[PDB]
Each structure stands twice: as C-alpha cells, then as structure tokens.
Amino acid sequence: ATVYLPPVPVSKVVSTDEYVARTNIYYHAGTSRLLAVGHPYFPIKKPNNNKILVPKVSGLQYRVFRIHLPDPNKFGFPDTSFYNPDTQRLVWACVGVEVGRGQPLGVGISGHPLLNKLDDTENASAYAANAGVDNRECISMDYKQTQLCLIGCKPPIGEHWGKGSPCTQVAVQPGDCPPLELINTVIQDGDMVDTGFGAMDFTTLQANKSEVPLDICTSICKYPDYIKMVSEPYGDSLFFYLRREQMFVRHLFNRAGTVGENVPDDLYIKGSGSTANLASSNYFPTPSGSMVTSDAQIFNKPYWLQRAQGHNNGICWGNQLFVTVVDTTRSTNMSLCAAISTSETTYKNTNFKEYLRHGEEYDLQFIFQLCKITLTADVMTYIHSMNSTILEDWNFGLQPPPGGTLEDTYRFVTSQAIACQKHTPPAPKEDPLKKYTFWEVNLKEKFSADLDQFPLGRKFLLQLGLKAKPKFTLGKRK
Amino acid sequence: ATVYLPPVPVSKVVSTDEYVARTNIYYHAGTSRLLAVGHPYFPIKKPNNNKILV
C-alpha cells in the first residue's frame, strides 16, 4: 500500500485456494486412544479438602480438545524443499480425520435427589399437593440425544441466554423471572449442552439452586452458535459441523412452588370445590433421551476435510486445531460395587455400596497433507492487513533494533555493594493465558509419511488415487 | 536441534498377500446342522457328578 490497505478486499474476500498449492506429500498421525473415567453427576472431591479424586467427565457435555501441531518449517526435512524459503512458506492442511468411539452402546445417566416437582398435571391427580414447606422428589433422567462433532482452528462460538437482570422500568421483582439477554461465549471443555429448558446459565438463574441436577446447575448450558460462524467466510472458527439430535415428551408435570405470574382472572368461570382454585401455571414438559442405534453413529467413520465450510481447510494460522465432540449414545455408565465390610454375611444395602462411573473414550486419526502458501509482495501486503503476526512468526522483514550499550553492574563480582548495585533483577513475568480451558493434545512427531497401514489411510488411498488397498476390500455380493 | 527432521515414516510392513493367484478348481463342504438346546438363565449342572444336566 498505497493502494490502499488493500482495495477490494473488502468486498469479496480472496480465498486461500487460488494461491495455496497442495502437494502429493502426505504424513499420517493419530492418537493412542484417550480414556477418562469420571463421575458425570458431580466430581467427587475429598470434602475435608477441595481437590478432586474423581473428575467430571461426561458425553452429555462438550469434550473440547486444543490440538497443537508442529509446523513444517521447523523440520530438517527429508528434502521437501526445492525452492527458496522466502518465496513460499509451508503450512499443513488436514484432509481426513476419523473420530473413534471405544465405548459400547448404551446411554449415560444423570439425576437429582431433590428435582423440583410437585404433582402430575398431564392428566391430573392434583391442582397442588403443597404451597408451604417442601415438595421435591427423587427423579432421574438422561438428557436429550445429541451427537455432533465440529472442527475449527480458532475457538468455537456458543450462544446462551444469560441473566439480563430484573428491570425496574417494567415491573419485574425477584420472584418474577428477569428479562433475558443473550450473552454469547466461547465453547470450552466441561460445558453442558442444551437441556430443553432453553440453553442458559443456571448458576444465578436458580436460587433454590435445586430445581435441576448437580451437573447443569454448575455449568453454562449452550446451544451452538452456527449463525455467526457460518457468516465468517474464512471459517477459521469452524470449517466443519454436523448434528443429529432428538427428544420426546415423557410426561407433563408441574414444578414445585406457587405462581409468580399474573393471571387475568376473567378467562374462565369460577367453580365451587376443587374447581374454585387454580393450580400453579408453571407446567413444564419433562424431556427424556431417545433410542440408541448403530445407524445413528456419526463416529467411527471418517470425516473428510479435503473441502471445508471455510476458505480454511485446516490451514495453520496458529498451528492448532479445535475438535469438539459430543456423544451421548455410547456414553455408558457402568455400575459396580464394593462391600463396606465382610462383617455382614447377609444381604444388606448397608453392606454392598453401589457406585457409578462413566468411562469416556476418544481416538482421532488424522491424515495430513503438506501444503504451501506461495508469497509475492502483493500477497504479503494482503496477509499484513489480515494478521501481521503470521509474517513475524514465519520471520520476515523489516525489524529495528540496534540496540546497545552499557551495562552496569560492571566489576567485580558483588563486591559489597559497591558496585553498582541497583541491583535490580528482571522479569516477573506476566501473564495472559491463552490456555483457556481445554484437554491438551500435543502432536509434534506423531507424523509419519506412510498411510498404507493406518485404517483411515487405506480408505484415503482408495478414495484419492484409486489405489493401494493393499489387497483387497469387500464382498462380493455379499 | 530438531528432531523432527523427518525420518518419518511410521511405518510400513509387508502385505499379507500381493501374489495370490486364484486357481479355477473349487471344492464345497458343510456341516449338517449345529444345534444346541440349553437353559438360558443358568447352567444346570448335576452336583453329585460334575456334568451338565442342561
């Protein structure tokens, strides 16, 4: 520049598929399986202390991993360089991923010993059974079936309705629901999916703090904010998503507690008896999970990334991948027991102490394409306007210093002081993370160049070149 | 100093086959019917001997 920052773009934003050439050099990577054994309901901590002994792990929460990748320009190379390192720079493209489940078919389960529930109002049994002191019951559910996986390279955006706070312009008091304002935030590991009360916080909306389970009270519940993400052309925040979700209405119920609502008292006619009074108009549909089937598994089959939502196809502008997984369908909870004493020789429920765990597996197989971004002066100006940090990291002119001189604290040694001594010694240092809240997967040298002996690999050779297998695949008929 | 430095690859082992030439001679076999009729709730064993009753 000038002209001008550039032009044009904006408008029309140049794709990274017009000057970023693919190469036929392939490396292969994968993980060694991942296993995390939690307690979905709550983490089990030592209550004499504050540290976890069993974490919280669940498929009914987002499992969001921050994958850090090498860069090809760190290599000594096996000789993948035939040109000057300043006419081009190298970046990865990920062209296939399979995300495996090692968990059997069967659901996980959540519940609450005191879920806020009055009476049954699907078909009556009461108007109220209580409006004084207590009325909550032992009730469990498995939250709705959600399967989705989505892949990006910058952090995903979630939406949820946060607490818009009661206003005093229009009459809303405590004991009236607030106006609700949508407060959107990054999808991060440990966070709960939508429950079908809407996707909202429950940490400060809830004030009994015991309407719902131990798990969702203490999370933010979120719905994916597809909408802002698919409107970024580049799609660096995601360049792949899919979903399958469903839920059915188990039974209508009424919440524990009295109306806070204002009912116009002129939309009915008064009765006599039971029909004189009103129940609480705080009806809620009770939701419940769906039937699990092996034809609903979007997993253990490969998601290609040869093409992507974004201009991005896994192109490294940080050398990171974000992979978010939800699987509620193999999120088996396995039940077990240990006997408290062998002093009790009869069957007692004060003898054999039931315990639940959830075991969580994930494996990710990856095929990596080596790609290049060819740099001319004009290209370099576009990137500079785009994100300057990329140029510096690559290393590219024009840098000051010099620099110099003197220094201080001279001779001796100490020696007393003299001399100097100021002293004064440097670097706190401080501070931004940039962690933020993710299950760290380091890949740096799991990279390969054979892909005939990885299962993903074999299928990728089949798809790409129509060879090699190596001998044969399938049937026939069968 | 790094390491990596490709090499790379990991890894390449021999194909089970690549030179299996299928002869046009074929044979057939079979079993007559394999059957078993048990008890689905529990093995019924004879306690005096050690052998199944069902």
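This entry, as listed in the PDB, derives from cryo-EM and reports a resolution of 12.0 Å.

Undergrad: Hey, could you run me through the overall build of chain A in this one?
TA: When its secondary structure is counted, chain A shows five helices and 23 strands. Taking 478 residues into account, the globule formula puts the C-alpha radius of gyration at 23 Å, and chain A, at 29 Å, lies well above it. Viewed in the frame of its principal axes, chain A has a C-alpha envelope of about 90 × 85 × 65 Å. Summarising the internal contacts of chain A: among those between residues at least 6 apart in sequence, 82% fall at separations of at least 24.

Undergrad: What am I meant to see in the overall build of chain B here?
TA: The secondary structure content of chain B amounts to zero helices and zero strands. Computed over C-alpha atoms, the radius of gyration of chain B comes to 28 Å, more than 25% over the 10 Å expected from 2.2 N^0.38 for 54 residues, which places it beyond the range of a compact globule. Principal-axis analysis of the C-alpha atoms places the extent of chain B at approximately 75 × 50 × 20 Å.

Undergrad: Explanation requested: the sheet that holds strand 9 (residues 145-152) of chain A in the structure shown.
TA: Strand pairing in a sheet takes place through backbone hydrogen bonds and is either antiparallel or parallel in direction. All names here are of chain A. The strand order across the open sheet formed by five strands is 16-9-20-5-23, and the pairing between neighbours is mixed. In the strand order of this sheet, the two ends are held by strand 16 (243-246) and strand 23 (441-442), each with one partner. For strand 9 and strand 16, the ladder comprises four bridges, and the chain directions are antiparallel. Directly across from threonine 146, in strand 16, lies its bridge partner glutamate 245.

Undergrad: Would you mind showing me how to read the pairing of strand 5 (residues 63-68) of chain A here?
TA: Within a regular strand, the side chains alternate between the two sheet faces. As paired elements, strand 5 of chain A and strand 20 (residues 320-327) of chain A share six bridges and run antiparallel to each other. Across the sheet, the residue bridging to A:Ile67 is A:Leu321, located in strand 20 of chain A.

Undergrad: Honestly, the interface of chain B and chain A in this entry has me stumped. Any pointers?
TA: Where the parts come together, the accessible area they lose is often given as the size of the interface. Opposite the six residues of chain B that make contact, chain A presents nine residues. When grouped by side-chain class, the residues that make up the side of chain B that touches chain A number five nonpolar, no polar and one charged.

Undergrad: How should the sheet that holds strand 14 (residues 192-193) of chain A be read in this particular structure?
TA: All names here are of chain A. Spatially, four strands are ordered 13-10-15-14 in an open sheet, and the strand pairing comes out mixed. In this open sheet, the two edge strands, each paired with only one partner strand, are strand 13 (185-186) and strand 14. Alignment of strand 10 (residues 157-159) against strand 13, held across two bridges, turns out to be antiparallel. The residue of strand 13 that forms the bridge with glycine 158 is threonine 185.

Undergrad: What exactly am I supposed to notice about unusual backbone geometry here?
TA: Where the residue is not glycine, phi is negative for most of them; where a peptide bond is considered, it is trans in most cases. Here the residue pair A:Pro7 and A:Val8 is connected by a cis peptide bond, since its omega of 0° sits within 30 degrees of zero. Assignment of secondary structure puts A:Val8 in the segment before strand 1 (22-30). Here the bond from A:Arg411 into A:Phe412 is cis, since omega is 20°, no more than 30 degrees from zero. Secondary-structure assignment places A:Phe412 in the loop between helix 4 (389-394) and strand 23. For A:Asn395, which is not a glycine, the phi torsion comes out positive at approximately 85°. Inspection of the secondary structure assignment puts A:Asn395 in the loop between helix 4 and strand 23. One non-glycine residue with positive phi stands out, namely B:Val8, at about 55°.

About the thresholds
Residues numbered from 1 in each chain as written, not as in the entry; some residues may be left out. Chains lettered and ligands numbered in written order. Part of a larger assembly, values for the part shown. Heavy atoms only, no water. Residues with missing side-chain atoms left out of burial classes, pairs and counts. Helix = DSSP H or I, 4+ residues; strand = E, 2+ residues; numbered from the N terminus. Rg over C-alpha atoms; globule rule 2.2 N^0.38 Å. Contact = heavy atoms within 4.5 Å. Pairing = 2+ DSSP bridges. Nonpolar A, V, L, I, M, F, W, Y, C, P; charged D, E, K, R; others polar.

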